[PDB]
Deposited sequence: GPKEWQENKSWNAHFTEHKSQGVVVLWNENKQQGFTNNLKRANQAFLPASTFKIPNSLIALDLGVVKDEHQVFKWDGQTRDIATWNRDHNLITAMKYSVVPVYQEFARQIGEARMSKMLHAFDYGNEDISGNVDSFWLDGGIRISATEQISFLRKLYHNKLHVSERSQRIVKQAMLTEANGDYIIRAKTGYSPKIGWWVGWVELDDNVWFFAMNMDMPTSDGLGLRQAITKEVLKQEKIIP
């Protein structure tokens, strides 16, 4: 009978087209079935990089480190290389522009004990915050696979994570990336030197498709390759 996970290697063409190497993982929520071009890489655990802003946001909200999505976190006045980082931000814009220093301050206020407890409660990756509490998702020991990202995102979608419903609704709002009359994408990018990510889901009228992709050494290719797979599968026009 049918399998929970099927391999579709025709998606490799979308990586080959860009001389890229990576994995796309899709989960059809109605059918309760997943699809990927590479089942091995789909289960390979990598640094989450800025995809960690999803659980980090949830924890900061649930503990009151972030009061709501409108609270302003003032620029500390240090000029950094990414220009959009050198300004005041709220939760919405800090996630949109992947503003690392804003989330590093969240993480310090959360603190290591609560961060580790919350990641265990979330069943998140290898749950390992070794390193600095304000950088482990960038250069420490935490590792999460694409299928583990799907599992985490499905819990978030269904408000099943062990944080308040309010925290989950606000983070799903902050994840909003694109919407029109055909679909809604809620997602988060991530970039580290060796790995780039895009994880999230596509809401349709009568189904949800969760996705998690990563690729070696990326940036716009993360969304472009993912969208080529979504188009091939007729999920988006």
Handout entry: Parts of the chain sequence, as deposited, that carry no C-alpha coordinates in this structure
Key = 219-222
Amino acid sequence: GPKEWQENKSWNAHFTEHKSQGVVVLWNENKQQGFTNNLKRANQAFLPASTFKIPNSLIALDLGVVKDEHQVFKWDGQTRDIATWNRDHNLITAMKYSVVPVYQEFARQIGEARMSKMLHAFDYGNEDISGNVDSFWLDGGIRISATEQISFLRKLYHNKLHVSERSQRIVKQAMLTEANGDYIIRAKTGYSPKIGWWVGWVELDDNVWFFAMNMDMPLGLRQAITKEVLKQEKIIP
From here on, numbers count along this sequence of modelled residues.
Exercise for the section: Compare the mean C-alpha B-factor of 124-132 with that of 150-158 as given in the PDB entry, and name the stretch with the higher value. Expected result: 124-132
Practice task
Can you let me know which of the two, 44-52 or 31-39, has the higher average C-alpha B-factor in the entry?
Solution key: 31-39
Completion exercise
Highest CA B factor of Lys67, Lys194, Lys188, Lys172, as deposited, is found at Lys194
Fill in the blank from the handout: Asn90: CA B-factor among chain residues, third -> middle
Practice task
Pull the Cα B-factor of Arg108 out of the PDB entry and bin it into the chain's lowest, middle or highest third.
Solution key: middle
Fill in the blank from the handout: Chain thirds by Cα B factor, record data; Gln78 belongs to the highest
Handout entry: Within-chain third of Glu178 by Cα B-factor, per the entry
Key = lowest
Handout entry: Position of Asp62 among the chain's modelled residues by C-alpha B-factor, lowest, middle or highest third
Key = middle
